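# What the coordinates show
Listed here are the chains, written in short residue letters.
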Amino acid sequence: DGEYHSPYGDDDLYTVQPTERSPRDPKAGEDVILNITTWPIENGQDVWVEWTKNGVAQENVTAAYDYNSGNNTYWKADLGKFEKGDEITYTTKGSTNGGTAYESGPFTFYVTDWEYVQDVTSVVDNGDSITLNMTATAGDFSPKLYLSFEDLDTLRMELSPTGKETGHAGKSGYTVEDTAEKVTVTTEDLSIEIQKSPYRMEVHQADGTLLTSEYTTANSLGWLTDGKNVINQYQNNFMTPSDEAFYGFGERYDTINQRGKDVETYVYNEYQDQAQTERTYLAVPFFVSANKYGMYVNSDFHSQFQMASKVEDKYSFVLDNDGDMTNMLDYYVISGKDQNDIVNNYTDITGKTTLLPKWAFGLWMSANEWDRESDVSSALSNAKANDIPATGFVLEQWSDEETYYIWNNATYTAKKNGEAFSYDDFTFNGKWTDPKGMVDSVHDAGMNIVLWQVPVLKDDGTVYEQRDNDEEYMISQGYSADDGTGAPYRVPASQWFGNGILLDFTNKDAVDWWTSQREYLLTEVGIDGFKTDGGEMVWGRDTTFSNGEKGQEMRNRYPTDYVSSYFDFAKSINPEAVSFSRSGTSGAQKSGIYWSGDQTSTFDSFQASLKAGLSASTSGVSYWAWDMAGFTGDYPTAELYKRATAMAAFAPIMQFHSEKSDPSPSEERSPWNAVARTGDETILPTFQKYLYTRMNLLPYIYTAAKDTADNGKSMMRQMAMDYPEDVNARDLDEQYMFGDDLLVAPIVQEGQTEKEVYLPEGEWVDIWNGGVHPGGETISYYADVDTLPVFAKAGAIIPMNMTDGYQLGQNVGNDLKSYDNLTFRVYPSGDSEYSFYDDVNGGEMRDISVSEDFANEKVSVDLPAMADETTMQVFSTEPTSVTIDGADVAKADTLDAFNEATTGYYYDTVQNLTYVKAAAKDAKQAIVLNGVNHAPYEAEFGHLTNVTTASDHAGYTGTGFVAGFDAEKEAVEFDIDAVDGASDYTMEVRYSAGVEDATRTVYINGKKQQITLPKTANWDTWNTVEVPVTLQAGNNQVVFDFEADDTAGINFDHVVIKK
Ligand SMILES: OC[C@H]1O[C@@H](O)[C@H](O)[C@@H](O)[C@@H]1O
Ligand SMILES: OC[C@H]1O[C@@H](O)[C@H](O)[C@@H](O)[C@@H]1O
Ligand SMILES: OC[C@H]1O[C@@H](O)[C@H](O)[C@@H](O)[C@@H]1O
Ligand SMILES: OC[C@H]1O[C@@H](O)[C@H](O)[C@@H](O)[C@@H]1O
Ligand SMILES: OC[C@H]1O[C@H](O)[C@H](O)[C@@H](O)[C@@H]1O
Ligand SMILES: OC[C@H]1O[C@H](O)[C@H](O)[C@@H](O)[C@@H]1O
Ligand SMILES: OC[C@H]1O[C@H](O)[C@H](O)[C@@H](O)[C@@H]1O
Ligand SMILES: OC[C@H]1O[C@H](O)[C@H](O)[C@@H](O)[C@@H]1O
Ligand SMILES: OC[C@H]1O[C@H](O)[C@H](O)[C@@H](O)[C@@H]1O
Ligand SMILES: OC[C@H]1O[C@H](O)[C@H](O)[C@@H](O)[C@@H]1O
Ligand SMILES: [Ca+2]
Ligand SMILES: [Mg+2]
Ligand SMILES: [Mg+2]
Ligand SMILES: [Mg+2]
Ligand SMILES: [Mg+2]
Ligand SMILES: [Mg+2]
Ligand SMILES: [Mg+2]
Ligand SMILES: [Mg+2]
Ligand SMILES: [Mg+2]
């Protein structure tokens, strides 16, 4: 028999327990209901509430029967409404037939209401900080708002409602213009305009451009208080135009643009339907606006971002607090040189991404079902047999499933008092007879291994000696958090690892103990890190951690304290160790890889994963992975598998994984198992193509990884991060930038083969075939199930590790300590420069520069000193000569000859690439290609109308030519860029006309001319005629038509634009 009421229950944001107070934190005028339970269900029960208001005893409130469920009766007691300042203390009671009264409480709540800033009464400039003394709209406080500069382009606001706290110092490079009506604070990067009566702030760039501004009606800034000693929430409100887009907020699965939504900064473990529930494991109170600023609310407490979700021109943040009136509101308005610089400034505040070793950027293999040595050996054997040179290996089902630090089937003498084991304490049996040997075999295969972990000590009520000993010790030492009553905090019963005891990662002694138990795994077994899963496990209002903080503040921070603790520990022992986690908040980026969690194998999930990666990126979490093609649900289709593979190969971290622990047939998301499950053998060569291409691009990818760590530029970015002004880039969620120079457009729709790609300003070249696409429009790209549209930005310099075949998608292996043929792929356009991170040769920075001068038929490359032979692949027409330091280098007629030569050049007519080989020298080398023009615009890649392509006459450039083009209504249209601005140019038209002289009609931006194409000796002989054209800057429409007055058949190879 009993009674129970607990006002906050588990303090879950989304649900309530059936015995809570509603509202949990009452405001003035809100009716207060107490939900109370009794058991068993029995006639003769009475439930009531004994209480005081401002210390005065009130008449008891009688509860009314609500409903019965299970062994319990539920009741509601109505306390009524209260006024601001009221302090209510109550005890709930239940009895049967006037007998033993069971009770809960006392519980106290302080009734609140909002107070807002009114006017600025005085301004004090302290040199490194500005104090604005203010009045309030209500109450007796004298608030102070402190302004400071984290940097000249990053403004910090700290609000003390009572005026008793002081803000932090910042930079002193600012000036102030203080007048009776307004104060303007200026730096070389910002102009902050503050109206004094009423108080209202606008943040502008130095030149005056508005970044954001507090809502028009002012009184925008406020706090929720009882007017005495409780401050429970803060808010500010801002004006936003109807076109403003909001990105980031951590990792989001529903949309990349949060306009219209209430975004909760609240970590949560939501399985499979993250998009639909709008939940996430990784929540960060930071967003980037395409209006060129970021806003970071510096608090671990839950916050709600109302992004034009209430009023169409208003966005707001509402930040919770634990009552403590000394906790100031602290937020930043972040400007920068560009959107990526904004993110860099954010990482100055919350932490830089820690550069991971290069092995982290190869393929990771994982499957929950791998649970014994024979599974590992078969996994390694299958990878080798299928030519899959992975670099990472994950084991989840490796332990006793009890302590999570002892190998499954290991036997030993149990240890008391939390003593740590060493490798020699164990007798290894059954599934794992030689863990050290097993790790040695993984290392032998060129891979590194990580082991799965959780931050909780399991307690499912079953007896298990070592786990029981550990629990006893942990409790005696206070290594758990406190439930608020002196007992250890346990995960709520109905949750993942319910009843388990969380390790208090804020407790250094606790962390030292916990990690000591895993030490032998790094020092003796030789593992390369941990897959630190979970962490979204902190509930309860009164839950208390060693640092004095409670559940409200610690829920979002806990996962990152957990993940960082393990990352640092593993790395302290093994410098090459890497963590792989799913949960966190601001700062998560300092500590390893984050994967998108648990999703099903559908295209809808794929779409959600892509959004999660793009949002995480904006939020500073660059080293992001996902379970490619999904880890659970029905096995993926061959189509999904192939589409997922392609995106994954061009994502920051590439990893396959599966959920099932012991299925039949296998659930592995490996390519060999995908072939087995779907019956589609073509999956293997398609997977190989993408894996091999990723490894060819590893120098570029790893340099990008370094750029994240040093400069805050995420590896994979939503289009508006690079092009914030471009109205077509705002909502794109099915394409992205990868590194600085690649535009990747995965197909994420079932059945799709015509893929739309928005190309921003500039020229974009298909990296697979050399097709040229002018920017500033949406193109349609035909992509079969094996094809991924990827384009290089104009001026791009891309380092690659190539085989002697020199094609993308050729297996170079997984050697991370040497290159095969280090190659630089170059798309000349003006003057371009790239800093290559040569990690193979000591991490030296190699500064490469390219100067395009097609106006004079030259492209120059300034190659710095290199440790290795270097191959340039320059997109251009064929040179008449190539020089290195002024000396001619020999033309190689075939690829074989080029490979045998120590220096020389070779022209690839199919890709329109000039290969140039330079010897390794401890001095810079000046390479010049002479007689070159911009690469041809291949006819077979133009817009074709009623005409087809062929390859059945030798001598063409590209993949072939347009065949015949000999009837009315047949057309070939080109999108041609003016190589050097608006001007006249010469257009070369390369064709064959074996039978007789021909004519075609050409329109240049609608201006017609007829061209004569004289007969060639035969269809195996090509000729080129020069046509004068006038081009405008940018894209030019060049249409070749066969009109009524034209004549004869031709084969049409390409066109070249030149001076
Ligand atoms: O002291 C008075 C209280 O005693 C209980 O036994 C009654 O059932 C309550 O409704 C009442 O408020
Ligand atoms: O074993 C007694 C249990 O009975 C249930 O009906 C109650 O709701 C539980 O809180 C209680 O612990
Ligand atoms: O827009 C800000 C407002 O949001 C509402 O949802 C909250 O309940 C209010 O307390 C707050 O003033
Ligand atoms: O299959 C693994 C999944 O199982 C679910 O029951 C848990 O809540 C998730 O945290 C976990 O990733
Ligand atoms: O209100 C329905 C019922 O509620 C509780 O079970 C009471 O003990 C009982 O006397 C009453 O009949
Ligand atoms: O096998 C290791 C772990 O992997 C799985 O993801 C399960 O969620 C967990 O219950 C299990 O203990
Ligand atoms: O029921 C849980 C048990 O599962 C397996 O037998 C594990 O090998 C063992 O360590 C664990 O106690
Ligand atoms: O910890 C539970 C048990 O695990 C292993 O089976 C040990 O060999 C045994 O001594 C111990 O009691
Ligand atoms: O990039 C050049 C061409 O590449 C492929 O052939 C695509 O199917 C096509 O749409 C594109 O225009
Ligand atoms: O009529 C034009 C055609 O003439 C010949 O048949 C050629 O073989 C063919 O390549 C060309 O397209
Ligand atoms: Ca051609
Ligand atoms: Mg009665
Ligand atoms: Mg959509
Ligand atoms: Mg900066
Ligand atoms: Mg198995
Ligand atoms: Mg080692
Ligand atoms: Mg303690
Ligand atoms: Mg120039
Ligand atoms: Mg060689």
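The deposited coordinates, according to the entry record, derive from X-ray crystallography at 1.90 Å resolution.

## Side note on the UniProt feature "binding site: Ca(2+)" (unreviewed entry) in the chain
In this numbering, the UniProt entry assigns the feature "binding site: Ca(2+)" (unreviewed entry) to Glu938, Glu940, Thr957, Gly960 and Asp1053. Their sequence span is 116 residues, while the largest C-alpha to C-alpha distance among them is just 9.9 Å; these annotated residues converge on one region. Note that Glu938 resides in strand β58 (residues 937–938). Once residues within four sequence positions are removed from consideration, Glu938 is found in contact with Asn912, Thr957, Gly958, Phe974, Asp1053 and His1054. Inspection of the secondary structure puts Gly960 in the loop between β60 (948–950) and β61 (961–964). Here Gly960 is in contact with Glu940, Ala950, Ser951 and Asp1053, once residues within four sequence places are set aside.

## Overview of the coordination of the magnesium ion (ligand 15)
For the magnesium ion (ligand 15), the full set of protein donor atoms is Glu369 (O), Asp371 (OD) and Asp375 (OD), and the range of their distances to it is 2.2 Å. Written as a sequence motif, the donor arrangement for the magnesium ion (ligand 15) is E-x1-D-x3-D. Residue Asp371 is classed as buried on the basis of its relative accessible area, which comes to 5%. Judged by its relative accessible area of 22%, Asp375 is partly exposed.

## Here's the deal with the site of ligand 3
The full set of residues close to ligand 3 is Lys27, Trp114, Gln235 and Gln306. One of the side-chain nitrogen or oxygen atoms of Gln235 is found 2.9 Å away from an oxygen atom of ligand 3. Between an oxygen atom of ligand 3 and a side-chain N or O atom of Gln306, the distance comes to 2.8 Å. Protein chains shield 59% of the accessible area of ligand 3, which is 320 Å² for the free molecule.

## Side note on the pattern of salt bridges
Pairing is possible between side chains that carry opposite charge, provided their charged atoms lie close to one another. Within the structure shown, the criterion is met by 48 salt bridges. For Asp740, the salt bridge identified is with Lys713, shortest N-O distance 2.7 Å. Taken together, the residues span a long stretch of sequence, with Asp740 in the loop between β40 (736–738) and β41 (742–744) and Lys713 in the loop between α13 (698–711) and β39 (716–717) at a distance of 27 residues. The exposure class of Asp740 is partly exposed, given its relative accessible area of 26%. Each of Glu402, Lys458, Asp459, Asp460, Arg467, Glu471 and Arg490 takes part in salt bridges that share partners, so that together they form one network.

## Considerations on the sheet that holds strand β47 (residues 797–802)
Across the sheet, five strands lie side by side as β47-β48-β52-β56-β55; this open sheet has mixed pairing. Every interior strand has two partners, whereas the edge strands, β47 and β55 (904–908), have only one. Across the sheet, the axes of successive neighbouring strands diverge by a mean angle of 25°, strand direction being ignored. By the bridge criterion, four bridges tie strand β48 (residues 821–826) to strand β52 (residues 870–875) in an arrangement that is parallel. Paired with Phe824 across the strands is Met872, a residue of β52.

The rules behind each value
Residues numbered from 1 in each chain as written, not as in the entry; some residues may be left out. Chains lettered and ligands numbered in written order. Heavy atoms only, no water. UniProt positions renumbered as here; feature names shortened; annotations may be inferred. Helix = DSSP H or I, 4+ residues; strand = E, 2+ residues; numbered from the N terminus. Contact = heavy atoms within 4.5 Å. Donors = N, O, S within 2.8 Å, 3.2 Å for Na, K, Ca; no water. Buried < 20%, exposed > 50% of the residue type's maximum accessible area, 1.4 Å probe, protein only. Near = heavy atom within 4 Å. Polar contact = N/O pair within 3.5 Å; in protein donor to acceptor, adjacent residues only side chain to side chain. Areas by Shrake-Rupley, 256 points an atom, 1.4 Å probe, with all protein chains shown as cover. Salt bridge = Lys/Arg side-chain N within 4 Å of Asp/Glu carboxyl O. Pairing = 2+ DSSP bridges. Axes fitted to C-alpha atoms, helices over the stretch in contact; angles between N-to-C directions.

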